[PDB]
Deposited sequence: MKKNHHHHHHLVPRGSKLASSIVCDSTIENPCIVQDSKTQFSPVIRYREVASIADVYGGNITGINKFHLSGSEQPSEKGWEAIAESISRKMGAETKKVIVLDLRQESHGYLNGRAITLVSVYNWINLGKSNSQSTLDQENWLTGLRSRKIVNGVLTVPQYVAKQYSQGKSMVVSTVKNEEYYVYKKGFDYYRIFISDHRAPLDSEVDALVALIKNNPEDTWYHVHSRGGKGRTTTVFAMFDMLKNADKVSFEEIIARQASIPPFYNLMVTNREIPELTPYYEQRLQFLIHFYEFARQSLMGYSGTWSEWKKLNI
């Protein structure tokens, strides 16, 4: 039985079933129809987001994107190991969902795939907890499931004809400099009309952080920091990056550091639109 430590992490099922719908899908362009302030530069974005989809959720997302549209990149922002069991999204969870904190991206991927390969070799996976059970620390009350499939996200993304690109952000935290560099380079290295579907585990903090970064890179020279944050918070699930006191109070320092990073990334973005040509890491060494 698991106990939520990194030595005995828990298998947590995120999808209620393999048919569960997407509940935090949204498109950034819709901000232009709801936000009452500066909407300059919004309505052209080719940008959607969600929480981790079930197997069937990937169908709904692919359909939503087809209706609004070119190349599609699914942007997985999750550092932690995750995948699918019988079409249900699953995560390998240690306290605060930081199983891969401090690891190189290569090691994060290796540890996830060694885990999925291990599950895939079993006829029955034991100890599968729901999110309520994990929160309630009912570690021994998990279900035993006959394995039909064990898959990584790539399996479902590739099936839709989309590309997959992973940015290894720790849950509840700001991206590290390597991952900021990676996101800026990804955007620059692909056509302006590329569609990006951004997702995290819950489709809240990491997803909305990256949405704001996209916005800043295009518009920081024409829209104030406050209005970028506020307009990103204007569409469901109304995630406001200004808020640093959330349901889990012990995470406040990471929400504070995340907003502080966004302050600095805004200045980088603004200066980049005014002539600066280096990377985020280079700018940060000189300016922070």
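- Positions of the deposited sequence absent from the coordinates, in order: 1-22, 92-95.
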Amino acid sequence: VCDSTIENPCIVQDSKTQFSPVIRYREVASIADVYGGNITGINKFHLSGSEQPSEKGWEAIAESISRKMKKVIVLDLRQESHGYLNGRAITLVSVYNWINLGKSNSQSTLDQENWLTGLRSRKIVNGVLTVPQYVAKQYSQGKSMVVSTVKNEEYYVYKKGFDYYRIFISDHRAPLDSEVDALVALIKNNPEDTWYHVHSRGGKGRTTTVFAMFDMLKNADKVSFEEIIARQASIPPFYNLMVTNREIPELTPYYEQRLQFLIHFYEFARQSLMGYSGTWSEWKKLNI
From here on, numbers count along this sequence of modelled residues.
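- The PDB entry records a higher mean C-alpha B factor for 270-278 than for its counterpart among 8-16 and 270-278.
- Mean C-alpha B-factor is higher over 219-227 than over the other stretch, the pair under comparison being 49-57 and 219-227.
- Among 63, 27, 33, 256, the highest C-alpha B-factor in the deposited entry belongs to 63.
- Between the residues 248, 235, 262, 243, it is 248 that shows the highest Cα B-factor in the PDB record.
- Annotation for residue 111: CA B-factor lies in the middle third of the chain's modelled residues.
- Annotation for residue 96: C-alpha temperature factor in the highest third relative to the rest of the modelled chain, per the entry.
- Split the chain's modelled residues into thirds by C-alpha temperature factor. Residue 214 is in the middle one.
- Annotation for residue 192: C-alpha temperature factor in the highest third relative to the rest of the modelled chain, per the entry.
- Remark: residue 85 belongs to the lowest third of its chain, ranked by C-alpha B-factor as recorded.
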